[PDB]
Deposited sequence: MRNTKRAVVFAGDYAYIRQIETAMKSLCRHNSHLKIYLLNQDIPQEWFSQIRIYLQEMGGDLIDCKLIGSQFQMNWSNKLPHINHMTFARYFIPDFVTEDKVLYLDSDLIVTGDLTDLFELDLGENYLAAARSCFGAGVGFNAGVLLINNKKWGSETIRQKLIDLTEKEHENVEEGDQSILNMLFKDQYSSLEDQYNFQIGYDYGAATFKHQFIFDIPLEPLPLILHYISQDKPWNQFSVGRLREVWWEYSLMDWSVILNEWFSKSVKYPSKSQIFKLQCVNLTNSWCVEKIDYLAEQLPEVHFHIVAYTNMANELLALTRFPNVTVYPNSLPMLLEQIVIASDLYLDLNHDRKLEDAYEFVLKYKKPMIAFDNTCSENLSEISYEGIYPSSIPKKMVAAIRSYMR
């Protein structure tokens, strides 16, 4: 069985909507490789949900939009910067999946950049951007991300529907059509009643369309709403993940969780952005939990480390808090480049913690043999091996 690639985009403030949309998707579709573009979603949320996805034969990818090369609704531009599959389904998070999307996953795009449903049953112009079957390979080569940004830079003050207006203005005459049921814009109800489009309300709702899109500001999760099918959103919002997993498990669709308990706890205190080879070490040592502490604001280079499931980053901490982390750690990593904060060494000595360093990060005021080991920064494989020697 092969994985089907799906991408959502949203901030932590929208977590209840993102999670509800994912729950509805996973309820009816297994083997999903889900990418989630975000800036501020907590790592703990990703860790747990990732286990669910894996147990259902899929995975969950934390795509952190942290850095200058990068919300609101514009994050879908950066899709080909994260997704490795040649085809992927983008979904808004103000929507609900009600059934098997196999036919949608398997649609052949040909030379079309994407496939999409029309806007509001044909009331609007062009396609609705909330459901996009995307030719990711083509998006990569045609440099679509830069083209959307550049075009949105012009004429964002000249368009009625933002990113959607931009997507239609770039892509017209080169997209495939999806049936309305794959992006059924039930959120248009207020609009339809406004413009007196009586026949919109004669469109059958039994059985439920495969994808329900609650467009507009009349969201069913608000205290009050006026559009139809409000009850469907709540049905999935209030659904335990256990219900979803139990349905798949009861049909023998069960895969082992790939999560593992940590075998070692490492700590470093930095005041600078550059912790030597930290990204590489994190990548190579998923079974080590790294704790990177600072007493001040942190640069994007360090904040972006949240994309790893095994790095905890503590900006704006204080000496008493660092001390407790040191006591709890197995090994100090002297990897920071600027002037050393001595008391960390004091904590290290006091609590009898081993400490290792790179050739270019060892203190100028310390003797070599004060470290358990000093390893070459241009061959960090050697420190990887060094770190693993502390485990058992």
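Absence of C-alpha coordinates is noted for several segments of the deposited sequence, namely 1-2, 73-84.
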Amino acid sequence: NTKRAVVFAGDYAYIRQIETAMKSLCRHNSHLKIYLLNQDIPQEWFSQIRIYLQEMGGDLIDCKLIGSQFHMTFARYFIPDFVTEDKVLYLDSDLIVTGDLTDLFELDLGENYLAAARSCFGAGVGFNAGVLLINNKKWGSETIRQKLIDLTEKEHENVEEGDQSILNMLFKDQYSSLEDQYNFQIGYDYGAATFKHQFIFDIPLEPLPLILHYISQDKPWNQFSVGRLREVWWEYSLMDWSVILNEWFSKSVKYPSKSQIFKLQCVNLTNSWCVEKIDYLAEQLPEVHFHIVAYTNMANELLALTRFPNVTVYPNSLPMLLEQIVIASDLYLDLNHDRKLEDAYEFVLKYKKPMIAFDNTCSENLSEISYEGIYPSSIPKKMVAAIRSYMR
From here on, numbers count along this sequence of modelled residues.
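For the pair 78-86 and 167-175, the record assigns the higher mean C-alpha temperature factor to 167-175. Looking at 353-361 and 36-44 together, the entry lists the larger mean B-factor for 353-361, computed on C-alpha atoms. Ranking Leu91, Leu101, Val125, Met239 by Cα temperature factor from the entry places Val125 first.
Across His156, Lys277, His197, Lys254, the entry's maximum B-factor at the CA atom is seen for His156. In this PDB entry, the Cα temperature factor of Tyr314 sits in the bottom third of its chain's modelled residues, the lowest group. Remark: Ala344 belongs to the highest third of its chain, ranked by C-alpha B-factor as recorded. Among all modelled residues in its chain, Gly110 ranks in the highest third by Cα B-factor. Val7 sits in the lowest third of its chain by CA B factor, as recorded in the PDB entry.
When the modelled residues of the chain are ordered by C-alpha B-factor, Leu151 sits in the highest third.
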